[PDB]
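Below you'll find the structure, written out as structure tokens, and then a few comments.
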Amino acid sequence: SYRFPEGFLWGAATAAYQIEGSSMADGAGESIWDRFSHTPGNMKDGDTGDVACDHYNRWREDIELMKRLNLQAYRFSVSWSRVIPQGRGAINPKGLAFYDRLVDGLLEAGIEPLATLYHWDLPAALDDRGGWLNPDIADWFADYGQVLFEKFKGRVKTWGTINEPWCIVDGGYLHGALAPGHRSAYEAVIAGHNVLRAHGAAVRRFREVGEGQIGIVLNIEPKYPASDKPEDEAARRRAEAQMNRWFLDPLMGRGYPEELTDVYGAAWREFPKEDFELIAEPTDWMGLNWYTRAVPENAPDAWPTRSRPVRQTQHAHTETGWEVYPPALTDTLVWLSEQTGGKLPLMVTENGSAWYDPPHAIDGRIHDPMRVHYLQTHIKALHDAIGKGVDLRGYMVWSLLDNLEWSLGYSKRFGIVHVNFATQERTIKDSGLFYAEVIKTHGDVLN
Amino acid sequence: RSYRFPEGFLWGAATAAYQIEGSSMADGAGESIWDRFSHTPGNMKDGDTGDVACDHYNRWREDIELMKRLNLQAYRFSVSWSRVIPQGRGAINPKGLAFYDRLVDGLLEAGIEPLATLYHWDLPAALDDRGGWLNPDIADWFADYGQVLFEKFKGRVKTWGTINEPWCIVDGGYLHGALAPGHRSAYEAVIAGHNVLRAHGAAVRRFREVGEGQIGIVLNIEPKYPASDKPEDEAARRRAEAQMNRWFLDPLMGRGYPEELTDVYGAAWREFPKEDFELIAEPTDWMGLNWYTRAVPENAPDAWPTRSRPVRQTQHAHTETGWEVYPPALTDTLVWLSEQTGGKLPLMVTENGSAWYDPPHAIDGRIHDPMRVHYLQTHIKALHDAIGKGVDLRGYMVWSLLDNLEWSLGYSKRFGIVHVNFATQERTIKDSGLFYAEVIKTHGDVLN
Amino acid sequence: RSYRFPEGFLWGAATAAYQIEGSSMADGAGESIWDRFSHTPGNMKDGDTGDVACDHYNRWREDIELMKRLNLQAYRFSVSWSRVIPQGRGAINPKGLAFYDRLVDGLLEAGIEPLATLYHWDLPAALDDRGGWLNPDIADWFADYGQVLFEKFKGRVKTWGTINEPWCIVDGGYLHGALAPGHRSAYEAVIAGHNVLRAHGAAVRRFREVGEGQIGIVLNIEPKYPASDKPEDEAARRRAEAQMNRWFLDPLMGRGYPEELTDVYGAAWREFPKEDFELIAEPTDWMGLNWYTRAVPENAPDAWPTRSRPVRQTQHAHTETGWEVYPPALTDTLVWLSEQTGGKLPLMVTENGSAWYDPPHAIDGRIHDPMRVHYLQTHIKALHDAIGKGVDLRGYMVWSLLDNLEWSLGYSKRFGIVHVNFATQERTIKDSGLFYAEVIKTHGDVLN
Ligand SMILES: OC[C@H]1O[C@@H](O)[C@H](O)[C@@H](O)[C@@H]1O
Ligand SMILES: OC[C@H]1O[C@@H](O)[C@H](O)[C@@H](O)[C@@H]1O
Ligand SMILES: OC[C@H]1O[C@@H](O)[C@H](O)[C@@H](O)[C@@H]1O
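Right under this line is the structure:
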């Protein structure tokens with residue numbers, strides 16, 4: 008049987024810059040992605056988030072779609088620069104009003120709104136003050152958090168602080184593939200620390216003025232052994248430490264992983280103890296974003312982890328080049344349960360896959376059998392995790408809509424709903440239809 | 007084409023006491039006319055009785071959990087007169103009243119609106135021994151019975167039905183004898199119909215004196231369509247229509263008895279005192295419609311007493327009870343009823359559903375009943391059309407919540423959206439139930 | 007002259023939690039502002055506290071038997087917020103809630119209608135440490151508290167009061183400091199009044215979302231009569247009237263705050279956001295009037311802050327609390343109130359009564375209080391007169407069922423129609439209680 012526990016929450020997820028469009032509309036400020044996406048060479052095919060899914064204007068239709076998919080929850084992000092154009096100071100009434108209407112529309116539809124404070128779109132005005140390199144950001148973020156905490160008190164009960172610190176730092180400051188496009192280990196170390204601090208500050212502020220549950224959202228990519236060679240095991244631990252333990256360990260009060268000292272070398276720093284007290288501020292829940300695993304081997308020229316993944320040719324790969332391997336989800340869920348002591352309620356805040364779909368519907372249909380396969384096998388893997396005692400409270404499919412996959416542009420479709428970006432026409436994919444059955448039957452359809 | 011229903015539109019399912027409860031004479035419960043009738047050989051298919059039925063008397067909690075799983079907002083049920091007052095008059099049976107007390111509290115705790123029916127065909131045998139519906143004093147007896155309930159559940163049961171389908175009671179019970187008490191007499195039928203109407207009026211008055219909320223009657227209507235252009239067939243149609251659809255509605259609306267009845271019942275027809283019609287026409291707050299099908303009557307000189315017979319409509323599907331599936335006739339009927347009641351009387355579909363064959367046990371935890379699903383979706387759409395035509399329709403109750411005893415046809419006719427394995431009493435939600443749960447959740451939008 | 011009251015007119019008696027219960031921090035119960043206030047020297051007459059009071063928390067069953075002896079049809083009581091939610095927010099206290107559960111079931115069993123008040127001056131101290139009525143979040147806090155009750159007693163408590171006497175709470179608690187929490191500030195008074203109104207609105211909205219029945223606020227009114235024809239005295243009268251009788255009623259009726267308040271509070275007066283007034287004016291189902299007396303204000307330049315003072319009306323009797331006895335002013339007030347609410351809002355006298363000296367013990371099993379009897383008969387007659395003048399008055403609650411703690415004035419002021427010997431907790435029904443019982447029994451005919 009695959010019936011899920013009582014109260015288990017099924018939903019789907021999005022992010023502001025990836026779907027909203029209208030980036031400068033109605034008072035909204037400039038974000039780092041406004042700058043980044045309009046700089047030549049940064050984005051595939053020169054794609055930008057200027058229009059995206061036009062969600063800012065078509066959110067009502069999108070909610071009708073959520074209802075057709077039988078969604079019980081919708082996880083979304085709030086654009087900081089849309090709400091506070093300069094990052095600090097005067098609030099933008101219309102910008103806040105958008106999310107106000109959105110949340111009311113969701114509650115009317117019977118859909119639980121899951122809000123994320125930061126999904127990679129820092130206000131440019133704050134980037135001009137150093138962004139995540141400026142320790143004061145811990146306060147800025149907190150204040151920003153407060154604006155929402157008070158505005159949606161009693162309506163938004165489940166809060167995420169930061170979405171994937173590792174992507175923000177590794178993509179934004181270490182390798183520069185993401186906004187703000189810096190490439191520096193020194194900056195990567197500092198930015199990671201201040202992201203954690205910002206999370207802690209926001210949680211404290213939430214304790215003072217908020218109502219409900221708050222937590223961080225981490226992505227994890229489990230690193231499997233390439234061989235029994237010791238240099239490869241050392242490589243595996245470097246990669247695992249840099250990607251999976253960098254943020255989790257200090258969040259659990261265990262400090263930074265020792266291996267980071269080797270990974271970042273002269274760029275590594277010692278931080279004040281009270282910083283770690285702030286960072287480990289107790290949370291109510293944790294989100295896991297999960298897609299795949301990796302099999303790292305030693306790679307002396309790979310900066311900075313000196314490791315590289317070994318291609319697992321025995322399995323299918325997504326268009327983002329990610330191995331399809333459902334058991335590794337179960338394992339990860341087990342592992343995380345151990346790291347949090349079984350004491351912290353967990354939720355899969357993102358899971359999904361990118362495969363090729365045509366740019367238009369084919370007489371009113373999009374047939375994506377591999378996305379369907381991914382969905383069913385990984386959800387079964389969730390059931391396996393719950394059977395092993397992991398406290399899993401919910402599952403959010405990434406993503407509700409085909410959207411802007413950041414620097415990879417619109418070429419990577421993660422949606423269970425197809426978006427024709429020429430016409431903004433939405434078409435429910437076979438995967439969405441199937442997910443609607445999984446929700447409807449509460450998992451029994453997998454039988 | 008949208009199918010979202012009006013704000014406050016109430017979704018539910020319906021049952022009746024003798025058809026589901028069992029334990030009919032248990033815990034002080036009195037003997038009813040159906041206790042006698044069902045234990046007389048030849049009266050019931052396969053010799054089925056209501057002795058056990060769905061064992062609801064013991065398993066009502068499980069049944070409430072099933073109501074919650076179906077997202078029901080209302081539960082329409084009947085109270086067994088003989089369970090509450092074993093001799094029909096006099097001493098109350100505490101355990102019997104306590105059952106409905108627990109039931110109603112359990113419903114309210116579940117957030118489900120209790121819709122109570124005073125009389126659903128199970129007259130106490132002690133009152134039948136005093137002439138039953140042939141005795142005018144029943145108008146008082148019924149009222150007194152009603153009072154007991156009105157005061158016991160004051161503030162908890164806000165929506166009350168008096169009589170469920172006067173026509174089935176009289177035509178089946180007194181005219182043709184297919185139902186309890188099994189009499190066959192036009193003379194008795196006329197009197198019984200009249201006293202049922204009077205009893206309804208008396209109950210409404212008593213409700214005005216001691217009750218709280220809304221009270222009304224529940225009528226079944228089977229619209230009669232033309233079979234041909236022959237005038238004798240039209241006369242046949244009007245006879246059938248008068249005897250079945252206008253017999254009770256008309257005096258309830260102050261129009262007296264249909265004149266055609268004079269021809270239908272002949273020497274058995276009677277004139278009744280003028281004040282009786284005043285009692286019968288006591289203003290009500292709402293009316294229930296029980297609806298399943300239509301008929302296409304033609305002339306049949308040897309058919310007693312309406313001299314009519316239905317013509318089989320072979321172009322359409324028929325249920326296990328032989329009823330034509332024809333959803334537009336629901337819409338028409340609702341409109342018609344709205345017109346007969348002047349548009350001023352709030353209406354509710356208190357019964358609608360269909361019987362199809364289901365296996366006696368679930369098959370891998372399931373019952374696949376696609377025809378019942380089809381009936382459900384098309385007729386609910388027909389409700390939407392009726393509302394679009396200005397009918398003041400406030401709710402819809404599916405007959406039935408459970409597979410149960412279909413009276414004289416026994417357990418062979420399954421009307422439930424929840425399957426009952428009568429060997430094990432195990433309940434299994436049918437595909438029709440799952441779909442109805444979807445209709446309620448989306449408030450009709452799933453039909454889009 | 008007949009004095010028969012309307013059909014359904016509800017007779018009852020009233021109490022408040024801190025005034026009768028005792029056991030204030032017992033069985034998980036939290037600390038309230040009155041726990042703190044009453045145990046600070048100088049605050050209470052004779053150093054009296056609510057530690058024991060009428061020991062009602064332990065003797066509620068005996069008290070219910072007393073209600074039955076008085077023929078009460080209703081019992082108006084308040085729920086201690088800190089007894090149910092010790093810290094004001096967060097965890098519910100099961101034993102505390104269980105007390106009121108038992109109480110309500112016992113009342114319903116006795117055939118007595120429970121009229122519940124959410125807030126009767128006993129704020130949890132933990133919320134006072136967060137600013138109390140000065141903190142806007144209290145509007146939410148109160149609502150959540152309200153929800154706990156609304157759902158716990160859904161279907162059992164059908165009539166709800168939100169706030170008992172905003173004016174006493176703010177004027178006594180924040181303006182002059184004679185009541186808990188003992189602040190003395192016009193600035194704080196203005197803010198507190200605003201947030202009490204907001205809290206009422208929030209509770210009404212929450213009640214619409216999760217509750218069942220009728221909900222309303224309870225206001226005290228002390229009608230201000232002319233002292234002379236001097237214009238400064240009329241200006242004084244209008245200041246006093248605005249500050250006491252119109253401060254809360256007007257925004258509740260959507261008329262905004264009285265203009266005169268700008269003059270009364272001066273630099274302490276504030277403008278509040280417009281949506282607050284949308285919240286404050288949330289439609290209610292009924293309104294309670296607490297009434298005892300009138301005043302005859304004259305100009306008094308040194309009287310802070312209304313610059314007015316009452317003129318002693320020596321032509322009439324005065325109660326032991328120093329209140330003039332003048333029954334016509336009750337009639338007038340009701341009429342006035344009827345006019346202010348447009349006649350559309352059902353009214354109930356939630357408090358009326360008088361304090362006179364009684365001995366601390368019964369005298370051969372009796373307490374002879376002829377002036378309290380007199381007050382009762384004349385003011386009930388005044389109620390009848392008010393109804394004859396078109397006031398939609400549905401009921402009357404005598405303050406109080408029991409001799410109790412008259413807050414800062416302690417046990418020295420006896421308002422009970424039932425005498426309480428505070429040395430022994432013995433209850434003795436006073437002559438006034440006997441007479442009131444006869445008034446209820448005859449539905450007013452005894453006044454003839
Ligand atoms: O790369 C696919 C997805 O990965 C997730 O971890 C990020 O939160 C999304 O913003 C992104 O679209
Ligand atoms: O014939 C099916 C159903 O018909 C309805 O009109 C009656 O009220 C039910 O008791 C019966 O089970
Ligand atoms: O001041 C005397 C009385 O005033 C009433 O309006 C309050 O509700 C009582 O608690 C108090 O005993």
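Protein chains in written order, with the deposited numbering: chain C, 8 to 454; chain B, 7 to 454; chain A, 7 to 454.
Note that CB positions come from ideal geometry on N, CA and C, so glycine has one too.
Please give the ranges of any beta strand (DSSP E) in the region 223-305 of chain A, keeping only runs that are unbroken, at least 3 residues long and fully inside the region.
293-296, 303-305
Under a three-way DSSP split, which group does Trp-413(C) fall into?
Here residue 413(C) refers to the residue found at position 406 of the first sequence. Residue state, collapsed to three classes: helix.
Can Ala-22(A) be considered in contact with ligand 3, in the sense that its beta carbon sits closer than 7 Å to one or more heavy atoms?
As a first step, residue 22(A) must be located in the third sequence, where it is residue number 16. Yes.
Contacts that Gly-161(A) makes with chain B (C-beta to C-beta distance below 8 Å):
Locating residue 161(A) in the third sequence gives position 155, where the first residue counts as 1. The contacting residues are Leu-114, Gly-161, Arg-162.
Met-50(C) versus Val-452(C), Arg-400(C), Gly-416(C), residue with shortest Cα-Cα distance
The residue given as residue 50(C) occupies position 43 in the first sequence. For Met-50(C), the closest of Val-452(C), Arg-400(C), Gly-416(C) by C-alpha to C-alpha distance is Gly-416(C).
Classify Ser-8(A): buried if its beta carbon has 16 or more other beta carbons within 10 angstroms, exposed otherwise.
Numbered from 1 along the third sequence, position 2 holds the residue referred to as residue 8(A). Exposed is the call here.
Does the beta carbon of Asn-251(B) fall short of 7 Å from some heavy atom of ligand 4?
Although ligand 4 was asked about, the structure shown includes only ligand 1, ligand 2 and ligand 3 as ligands.
Three CB pairs or more closer than 8 Å across the region 172-182 of chain A and the region 190-202 of chain A:
Yes, since at least three Cβ pairs between the region 172-182 of chain A and the region 190-202 of chain A fall closer than 8 Å, the two stretches touch.
With a threshold of 16 other CB atoms inside 10 Å of the CB of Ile-369(A), please say whether the residue is buried or exposed.
Walking along the third sequence from the start, residue 369(A) turns up at place 363. By the neighbour-count definition (other C-beta atoms within 10 Å, threshold 16), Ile-369(A) is an exposed residue.
How close, in whole Å, do the beta carbons of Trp-405(C) and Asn-358(C) come, if the pair is a contact with beta carbons under 8 Å?
Numbered from its first residue, the first sequence carries residue 405(C) at position 398. Numbered from its first residue, the first sequence carries residue 358(C) at position 351. With a Cβ gap of about 6 Å, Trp-405(C) and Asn-358(C) count as contacting.
Are at least three pairs of beta-carbons, each pair with one atom in the region 26-46 of chain B and one in the region 121-139 of chain B, less than 8 Å apart?
yes
Are the CB atoms of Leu-407(B) and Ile-386(B) within a distance shorter than 8 Å?
For the purposes of this step, residue 386(B) is taken as the residue at position 380 of the second sequence. For the purposes of this step, residue 407(B) is taken as the residue at position 401 of the second sequence. Annotated as distal: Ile-386(B) and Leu-407(B), with beta-carbon spacing of 8 Å or more.
Thinking just about the alpha-carbon of each residue, which of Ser-84(B), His-189(B), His-324(B) is nearest to the one in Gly-152(B)?
Working through the second sequence from its first residue, we reach residue 152(B) at position 146. It is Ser-84(B).
My output table needs one value for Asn-358(B): the three-state DSSP class, helix, strand or coil.
Taking the second sequence and counting its residues from 1, the one referred to as residue 358(B) is at position 352. The answer is strand: DSSP assigns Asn-358(B) an E or B state.
Contact under 8 Å by Cβ, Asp-291(C) with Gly-222(C):
For this step, residue 291(C) is matched to residue 284 along the first sequence. For this step, residue 222(C) is matched to residue 215 along the first sequence. Yes, they are a contact pair.
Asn-296(B) Cβ short of 7 Å to ligand 2 heavy atom set
Taking the first residue of the second sequence as position 1, residue 296(B) is located at position 290. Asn-296(B) Cβ: within cutoff of ligand 2.
Distance, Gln-346(B) Cα to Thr-339(B) Cα:
In the second sequence, residue 339(B) corresponds to position 333, counting from 1. In the second sequence, residue 346(B) corresponds to position 340, counting from 1. Linking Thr-339(B) to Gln-346(B) through their CA atoms gives a straight-line distance of about 10 Å.
Is there at least one non-hydrogen atom of ligand 1 closer than 7 Å to the beta-carbon of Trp-87(C)?
Taking the first sequence and counting its residues from 1, the one referred to as residue 87(C) is at position 80. Flag unset: Cβ of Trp-87(C) not near ligand 1.
With a Cβ-Cβ cutoff of 8 Å, do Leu-129(B) and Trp-87(B) count as a contact?
Stepping through the second sequence from its first residue, residue 129(B) is reached at position 123. Stepping through the second sequence from its first residue, residue 87(B) is reached at position 81. Yes, the Cβ-Cβ distance between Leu-129(B) and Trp-87(B) is below 8 Å.
For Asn-170(C), three-class secondary structure by DSSP
In the first sequence, counting from the first residue as 1, residue 170(C) sits at position 163. Three-state DSSP puts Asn-170(C) in a strand.
Let me check understanding here. Comparing Cα to Cα, which of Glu-284(A), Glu-265(A), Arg-245(A) lies closest to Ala-208(A)?
Within the third sequence, residue 208(A) is the residue found at index 202, counting from 1. It is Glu-284(A) whose Cα lies nearest to the Cα of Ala-208(A).
Test item: CB-CB of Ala-246(B) and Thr-312(B) under 8 Å
Stepping through the second sequence from its first residue, residue 246(B) is reached at position 240. Stepping through the second sequence from its first residue, residue 312(B) is reached at position 306. Yes, they are a contact pair.
Quick one: what does DSSP say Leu-351(C) is sitting in, helix, strand or coil?
The sequence position of residue 351(C) within the first sequence is 344, counting from 1. Here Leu-351(C) sits in coil by DSSP.
To the nearest angstrom, how far is the alpha carbon of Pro-316(B) from that of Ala-248(B)?
Counting from one through the second sequence, the residue named residue 316(B) turns up at place 310. Counting from one through the second sequence, the residue named residue 248(B) turns up at place 242. Each residue's CA atom was taken as its position, placing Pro-316(B) and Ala-248(B) some 15 Å apart.
I'd like to know whether the C-beta atoms of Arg-82(C) and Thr-356(C) end up nearer to each other than 8 Å.
For the purposes of this step, residue 82(C) is taken as residue 75 along the first sequence, with counting starting at 1. For the purposes of this step, residue 356(C) is taken as residue 349 along the first sequence, with counting starting at 1. In this structure, the beta-carbon distance from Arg-82(C) to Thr-356(C) falls below 8 Å.
Taking 7 Å as the cut-off, is the CB of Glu-330(A) close to at least one heavy atom of ligand 3?
As a first step, residue 330(A) must be located in the third sequence, where it is residue number 324. No, the Cβ of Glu-330(A) stays beyond 7 Å of every heavy atom of ligand 3.
Contacts around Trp-275(A), its chain only, beta-carbon distance under 7 Å, and the 5 residues preceding and following it disregarded:
Residue 275(A) sits at position 269 when you count from the first residue of the third sequence. If we look at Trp-275(A) and ignore the five residues flanking it on each side, its Cβ neighbours are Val-196, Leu-267, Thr-268.
Residues in its own chain within less than 8 Å of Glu-240(A) by CB, not counting five upstream and five downstream?
Within the third sequence, numbered from 1, the residue matching residue 240(A) stands at position 234. Only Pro-232 meet the Cβ criterion.
So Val-404(A) is in the beta strand (DSSP E); what residue range does that whole segment cover?
One-based indexing of the third sequence puts residue 404(A) at position 398. Per DSSP, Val-404(A) belongs to the beta strand (DSSP E) from 399-405.
Endpoints, alpha helix (DSSP H) assigned at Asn-427(C)
Position 420 of the first sequence, counted from the first residue, corresponds to residue 427(C). Element bounds for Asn-427(C): not the alpha helix (DSSP H) but the beta strand (DSSP E), 424-427.
Endpoints, beta strand (DSSP E) assigned at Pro-142(C):
Your numbering for residue 142(C) matches position 135 in the first sequence. That residue, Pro-142(C), is in no beta strand (DSSP E); it is neither H nor E in DSSP.
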